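**Student:** Structure incoming, see below.
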Amino acid sequence: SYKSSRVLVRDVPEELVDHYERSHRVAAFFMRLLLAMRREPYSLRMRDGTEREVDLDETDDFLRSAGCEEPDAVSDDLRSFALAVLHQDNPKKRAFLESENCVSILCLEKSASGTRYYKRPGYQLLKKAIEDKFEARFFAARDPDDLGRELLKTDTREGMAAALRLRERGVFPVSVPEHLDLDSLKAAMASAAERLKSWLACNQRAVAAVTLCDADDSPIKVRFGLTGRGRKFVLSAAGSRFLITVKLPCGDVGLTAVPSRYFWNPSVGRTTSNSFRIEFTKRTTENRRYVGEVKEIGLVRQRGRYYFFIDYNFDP
DNA sequence: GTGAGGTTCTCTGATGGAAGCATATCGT
DNA sequence: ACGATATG
RNA sequence: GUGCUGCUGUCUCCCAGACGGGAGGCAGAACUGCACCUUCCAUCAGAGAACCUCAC
């Protein structure tokens, strides 16, 4: 259940503008790098309209520029990674249930991501059993730690073991263009994965061109979440307006939204479940009351004007 | 002076896709 | 109890 | 804030012209009047303008 609106902001500082204009280039690099790992020549649609054909040579050169010295040898593994990121694996046993989860092995030198099992079913039953007559070796002598290694050595989702294969070869940590923190990288990679997933669903529907992200031509949402998908934000009201401030690494960025007749007489309260409860009336004639929990807003620059897309959740 | 048959620009409509986070443990 | 990754 | 309409605003176009009216484009807003889930992508059908030749 979703319901969206749009609030205009006219005094965005330099920090948010640079964050919006710097998230796009990381997204574009993610799109081109995933296509490079895919190692399948494709068609690129430029801004003015031109379906150029890009072959394996430029793909290999781009991969070399990304740190993959000899993509010919690791071709059995780069491709095996990309299909995992673009959700081309089995619907069950996804190596990355959310695509943005992948940018910790790809773009973090000291990460140690692959050796985790605390959320693996099997370590949940044994730990709930320490503190054979139940429905599901290691039950004797207890030690769920050992079951962790038993379930990490085997039961490895394809593309996650493949990702760990390259890190020993010193080629997988890829130098992205800008030094975005984990959260903004995850937001950008979520957007890029969404755009390439749509592209591939269209390419297999046809059987064909790729449009890269642009700050003005084909904008994407620089999304701000409350659980690590993007930089955090907090919403409130002051009179008849919206007070939206985000928590960028350069500090807090506060912003006052010009009044909206869609959101009139606003009352806002923070919730203990990572959300903000807001009330409003639709103005016009009937002032029917609505309750909305907001958890993740978006930012889009259209016609030179900055708009936050307030995507809230209403009562069903 | 129109009809007919081809490019070359601005648009609008319909049917597809990707979407708008939950939990979990560990170290302080 | 709260923040830092990790991943359902 | 967004399609619709609305200068207390602007620019431009056309018809009578020295009374006005009829096209469009922005600024809107601090002016109502009906409503408002939306962003991006790729296809396919349809409608408009104009462009070139050859025929009647």
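Identifiers for the structure tokens are assigned positionally: chains receive A, B, ... in sequence, residues are indexed from 1 per chain, and ligands are indexed from 1 in the order shown.
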Taking 5 positions as the minimum chain separation for residues in the same chain, which residues sit within 12 Å of residue 2 (chain D) when counting only C-alpha atoms (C1' of nucleotides)? Answer as a list in words.
**Tutor:** residues 4, 5, 6, 7, 8, 260, 261, 262, 307 and 309 of chain A; 35, 36, 37 and 38 of chain D
**Student:** Kindly determine which residues of chain D lie within 12 Å of chain A, considering only C-alpha atoms (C1' of nucleotides), and give the answer as a list in words.
**Tutor:**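 In the required form, that comes to residues 1, 2, 29, 30, 32, 33, 34, 35, 36, 37, 38, 39, 40, 41, 42, 43 and 44 of chain D.
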**Student:** Near chain A, meaning an atom within 7 Å, which residues of chain C appear when counting only C-alpha atoms (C1' of nucleotides)? Write them as a list in words.
**Tutor:**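 Written out as asked, the residues are residues 6, 7 and 8 of chain C.
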**Student:** Please produce an output containing C-alpha atoms (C1' of nucleotides) for each residue in the selection, written as an mmCIF file, in the first residue's frame.
**Tutor:**
```
data_model
loop_
_atom_site.group_PDB
_atom_site.id
_atom_site.type_symbol
_atom_site.label_atom_id
_atom_site.label_comp_id
_atom_site.auth_asym_id
_atom_site.auth_seq_id
_atom_site.Cartn_x
_atom_site.Cartn_y
_atom_site.Cartn_z
ATOM 1 C "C1'" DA C 6 25.563 -7.950 7.467
ATOM 2 C "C1'" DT C 7 21.855 -9.900 5.311
ATOM 3 C "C1'" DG C 8 16.896 -11.828 5.513
#
```
**Student:** So which one's closest to chain B, A:224, A:134, A:314, A:264? Using only C-alpha atoms (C1' of nucleotides), please.
**Tutor:** A:224
**Student:** Taking the backbone alone, and naming residues the way the document does, which bits of region 77-308 of chain A are strand (DSSP E or B) by DSSP, as a PyMOL selection string?
**Tutor:** chain A and resi 209-210+224+233-236+242-246+253-257+264-271+275-281+289-302+305-308
**Student:** Identify, on the basis of only C-alpha atoms (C1' of nucleotides), every residue whose closest approach to region 6-15 of chain B does not exceed 12 Å; exclude the query and any residue fewer than 5 positions from it along the same chain; express the result as a PDB file with N, CA, C and O atoms (P, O5', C5', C4', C3', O3' and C1' of nucleotides), in the first residue's frame.
**Tutor:**
```pdb
ATOM      1  P     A D  42      14.507   4.281 -22.819  1.00  0.00           P
ATOM      2  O5'   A D  42      13.954   2.974 -23.533  1.00  0.00           O
ATOM      3  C5'   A D  42      14.622   1.730 -23.385  1.00  0.00           C
ATOM      4  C4'   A D  42      13.747   0.599 -23.848  1.00  0.00           C
ATOM      5  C3'   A D  42      12.898   0.906 -25.069  1.00  0.00           C
ATOM      6  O3'   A D  42      13.615   0.738 -26.277  1.00  0.00           O
ATOM      7  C1'   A D  42      11.552  -0.083 -23.399  1.00  0.00           C
ATOM      8  P     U D  43      12.892   0.993 -27.684  1.00  0.00           P
ATOM      9  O5'   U D  43      12.141  -0.378 -27.982  1.00  0.00           O
ATOM     10  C5'   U D  43      11.111  -0.437 -28.951  1.00  0.00           C
ATOM     11  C4'   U D  43      10.002  -1.369 -28.536  1.00  0.00           C
ATOM     12  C3'   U D  43       8.678  -1.148 -29.243  1.00  0.00           C
ATOM     13  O3'   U D  43       8.645  -1.760 -30.518  1.00  0.00           O
ATOM     14  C1'   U D  43       8.305  -1.366 -26.917  1.00  0.00           C
ATOM     15  P     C D  44       8.422  -0.869 -31.832  1.00  0.00           P
ATOM     16  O5'   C D  44       6.959  -1.277 -32.300  1.00  0.00           O
ATOM     17  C5'   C D  44       6.476  -2.589 -32.070  1.00  0.00           C
ATOM     18  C4'   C D  44       5.075  -2.569 -31.519  1.00  0.00           C
ATOM     19  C3'   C D  44       4.092  -1.682 -32.261  1.00  0.00           C
ATOM     20  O3'   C D  44       3.577  -2.300 -33.425  1.00  0.00           O
ATOM     21  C1'   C D  44       3.896  -1.304 -29.937  1.00  0.00           C
ATOM     22  P     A D  45       2.806  -1.427 -34.527  1.00  0.00           P
ATOM     23  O5'   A D  45       1.292  -1.470 -34.044  1.00  0.00           O
ATOM     24  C5'   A D  45       0.268  -0.898 -34.837  1.00  0.00           C
ATOM     25  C4'   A D  45      -0.746  -0.175 -33.992  1.00  0.00           C
ATOM     26  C3'   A D  45      -1.103   1.225 -34.457  1.00  0.00           C
ATOM     27  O3'   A D  45      -2.039   1.225 -35.518  1.00  0.00           O
ATOM     28  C1'   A D  45      -0.695   1.252 -32.133  1.00  0.00           C
ATOM     29  P     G D  46      -1.887   2.278 -36.719  1.00  0.00           P
ATOM     30  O5'   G D  46      -2.634   3.571 -36.173  1.00  0.00           O
ATOM     31  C5'   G D  46      -3.882   3.456 -35.507  1.00  0.00           C
ATOM     32  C4'   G D  46      -4.166   4.671 -34.665  1.00  0.00           C
ATOM     33  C3'   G D  46      -3.834   6.005 -35.307  1.00  0.00           C
ATOM     34  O3'   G D  46      -4.823   6.439 -36.222  1.00  0.00           O
ATOM     35  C1'   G D  46      -2.983   5.968 -33.112  1.00  0.00           C
ATOM     36  P     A D  47      -4.405   7.336 -37.486  1.00  0.00           P
ATOM     37  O5'   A D  47      -4.481   8.823 -36.926  1.00  0.00           O
ATOM     38  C5'   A D  47      -5.601   9.248 -36.164  1.00  0.00           C
ATOM     39  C4'   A D  47      -5.292  10.494 -35.377  1.00  0.00           C
ATOM     40  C3'   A D  47      -4.574  11.595 -36.138  1.00  0.00           C
ATOM     41  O3'   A D  47      -5.446  12.360 -36.949  1.00  0.00           O
ATOM     42  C1'   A D  47      -3.529  11.276 -34.047  1.00  0.00           C
ATOM     43  P     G D  48      -4.852  13.270 -38.130  1.00  0.00           P
ATOM     44  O5'   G D  48      -4.844  14.734 -37.510  1.00  0.00           O
ATOM     45  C5'   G D  48      -4.113  15.778 -38.130  1.00  0.00           C
ATOM     46  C4'   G D  48      -3.297  16.548 -37.126  1.00  0.00           C
ATOM     47  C3'   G D  48      -2.037  17.203 -37.669  1.00  0.00           C
ATOM     48  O3'   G D  48      -2.295  18.441 -38.307  1.00  0.00           O
ATOM     49  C1'   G D  48      -1.513  16.029 -35.691  1.00  0.00           C
ATOM     50  P     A D  49      -2.339  18.527 -39.912  1.00  0.00           P
ATOM     51  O5'   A D  49      -1.077  19.423 -40.284  1.00  0.00           O
ATOM     52  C5'   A D  49      -0.921  20.724 -39.736  1.00  0.00           C
ATOM     53  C4'   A D  49       0.511  20.988 -39.350  1.00  0.00           C
ATOM     54  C3'   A D  49       1.537  20.835 -40.462  1.00  0.00           C
ATOM     55  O3'   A D  49       1.632  21.992 -41.276  1.00  0.00           O
ATOM     56  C1'   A D  49       2.291  19.700 -38.528  1.00  0.00           C
ATOM     57  P     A D  50       1.947  21.845 -42.845  1.00  0.00           P
ATOM     58  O5'   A D  50       3.219  22.779 -43.024  1.00  0.00           O
ATOM     59  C5'   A D  50       4.206  22.835 -41.986  1.00  0.00           C
ATOM     60  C4'   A D  50       5.401  22.011 -42.384  1.00  0.00           C
ATOM     61  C3'   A D  50       5.615  21.893 -43.896  1.00  0.00           C
ATOM     62  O3'   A D  50       6.896  22.350 -44.297  1.00  0.00           O
ATOM     63  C1'   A D  50       5.861  19.796 -42.820  1.00  0.00           C
ATOM     64  P     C D  51       7.102  22.876 -45.787  1.00  0.00           P
ATOM     65  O5'   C D  51       8.116  21.823 -46.417  1.00  0.00           O
ATOM     66  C5'   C D  51       9.114  21.176 -45.617  1.00  0.00           C
ATOM     67  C4'   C D  51       9.658  19.989 -46.368  1.00  0.00           C
ATOM     68  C3'   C D  51       9.213  19.862 -47.816  1.00  0.00           C
ATOM     69  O3'   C D  51       9.953  20.762 -48.658  1.00  0.00           O
ATOM     70  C1'   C D  51       9.160  17.737 -46.741  1.00  0.00           C
ATOM     71  P     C D  52       9.596  21.000 -50.250  1.00  0.00           P
ATOM     72  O5'   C D  52       9.995  19.627 -50.966  1.00  0.00           O
ATOM     73  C5'   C D  52      11.370  19.203 -51.099  1.00  0.00           C
ATOM     74  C4'   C D  52      11.446  17.741 -51.490  1.00  0.00           C
ATOM     75  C3'   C D  52      10.806  17.424 -52.817  1.00  0.00           C
ATOM     76  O3'   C D  52      11.666  17.883 -53.842  1.00  0.00           O
ATOM     77  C1'   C D  52      10.178  15.768 -51.270  1.00  0.00           C
ATOM     78  P     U D  53      11.095  18.349 -55.264  1.00  0.00           P
ATOM     79  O5'   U D  53      11.678  17.215 -56.215  1.00  0.00           O
ATOM     80  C5'   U D  53      10.932  16.745 -57.323  1.00  0.00           C
ATOM     81  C4'   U D  53      10.651  15.270 -57.208  1.00  0.00           C
ATOM     82  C3'   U D  53       9.618  14.727 -58.180  1.00  0.00           C
ATOM     83  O3'   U D  53      10.167  14.453 -59.456  1.00  0.00           O
ATOM     84  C1'   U D  53       9.135  13.947 -56.002  1.00  0.00           C
ATOM     85  P     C D  54       9.500  15.090 -60.771  1.00  0.00           P
ATOM     86  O5'   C D  54       8.428  14.000 -61.210  1.00  0.00           O
ATOM     87  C5'   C D  54       8.797  12.636 -61.341  1.00  0.00           C
ATOM     88  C4'   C D  54       7.640  11.718 -61.041  1.00  0.00           C
ATOM     89  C3'   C D  54       6.366  11.973 -61.830  1.00  0.00           C
ATOM     90  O3'   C D  54       6.397  11.420 -63.133  1.00  0.00           O
ATOM     91  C1'   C D  54       5.835  11.707 -59.545  1.00  0.00           C
TER      92        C D  54
END
```
**Student:** Tell me as a PyMOL selection string which residues belonging to chain B come within 7 Å of chain A, counting only C-alpha atoms (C1' of nucleotides).
**Tutor:** chain B and resi 17-18+20-21+24-25
**Student:** Based on the selection just made, write N, CA, C and O atoms (P, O5', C5', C4', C3', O3' and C1' of nucleotides) of those residues as a tab-separated table (two decimals), in the first residue's frame.
**Tutor:**
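That gives us again.tsv:
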```
chain	number	residue	atom	x	y	z
B	17	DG	P	5.04	-7.23	-15.65
B	17	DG	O5'	6.45	-6.50	-15.53
B	17	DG	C5'	7.61	-7.08	-16.13
B	17	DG	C4'	8.77	-6.10	-16.13
B	17	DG	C3'	9.22	-5.64	-14.76
B	17	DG	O3'	10.15	-6.57	-14.23
B	17	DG	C1'	9.21	-3.84	-16.35
B	18	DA	P	10.39	-6.65	-12.65
B	18	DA	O5'	11.14	-5.28	-12.30
B	18	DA	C5'	12.52	-5.15	-12.55
B	18	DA	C4'	13.09	-3.98	-11.77
B	18	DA	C3'	12.49	-3.79	-10.39
B	18	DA	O3'	13.26	-4.48	-9.43
B	18	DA	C1'	12.39	-1.75	-11.60
B	20	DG	P	11.47	-1.08	-2.83
B	20	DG	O5'	10.87	0.10	-1.93
B	20	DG	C5'	11.74	1.10	-1.42
B	20	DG	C4'	11.04	2.45	-1.36
B	20	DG	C3'	9.77	2.49	-0.53
B	20	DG	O3'	10.08	2.68	0.84
B	20	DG	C1'	9.41	3.57	-2.61
B	21	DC	P	9.42	1.74	1.96
B	21	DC	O5'	10.52	1.69	3.12
B	21	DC	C5'	11.74	0.99	2.93
B	21	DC	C4'	11.65	-0.41	3.51
B	21	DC	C3'	11.73	-0.48	5.04
B	21	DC	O3'	10.66	-1.27	5.54
B	21	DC	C1'	13.28	-1.98	4.06
B	24	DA	P	14.74	-11.50	14.28
B	24	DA	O5'	16.32	-11.44	14.50
B	24	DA	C5'	17.19	-12.00	13.53
B	24	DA	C4'	18.63	-11.58	13.78
B	24	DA	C3'	18.96	-11.30	15.23
B	24	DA	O3'	19.42	-12.49	15.85
B	24	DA	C1'	20.00	-9.73	13.71
B	25	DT	P	19.88	-12.47	17.39
B	25	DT	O5'	21.44	-12.14	17.31
B	25	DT	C5'	22.25	-12.83	16.38
B	25	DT	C4'	23.65	-12.24	16.36
B	25	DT	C3'	24.30	-12.11	17.73
B	25	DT	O3'	25.65	-12.55	17.68
B	25	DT	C1'	24.30	-10.02	16.63
```
**Student:** What is the distance between CA of residue 38 (chain A) and CA of residue 19 (chain A), in Å to one decimal?
**Tutor:**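 Atom-to-atom, CA of residue 38 (chain A) to CA of residue 19 (chain A), that is 28.5 Å.
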**Student:** Within 12 Å of residue 56 (chain D), counting only C-alpha atoms (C1' of nucleotides), which residues show up once you throw out same-chain ones fewer than 2 positions away? Write them as number ranges by chain, please.
**Tutor:** B: 1-4; D: 54
**Student:** Extract the full set of alpha helix (DSSP H) residues from region 148-233 of chain A according to DSSP on the backbone, and format it as number ranges by chain.
**Tutor:** A: 148-153, 160-168, 182-206
**Student:** Between CA of residue 16 (chain A) and CA of residue 270 (chain A), what is the distance in Å, rounded to a tenth?
**Tutor:**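 Taking CA of residue 16 (chain A) and CA of residue 270 (chain A), their separation equals 23.3 Å.
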**Student:** Report the distance between CA of residue 158 (chain A) and CA of residue 171 (chain A) in Å, rounded to one decimal place.
**Tutor:**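 Separating CA of residue 158 (chain A) from CA of residue 171 (chain A) is a distance of 18.4 Å.
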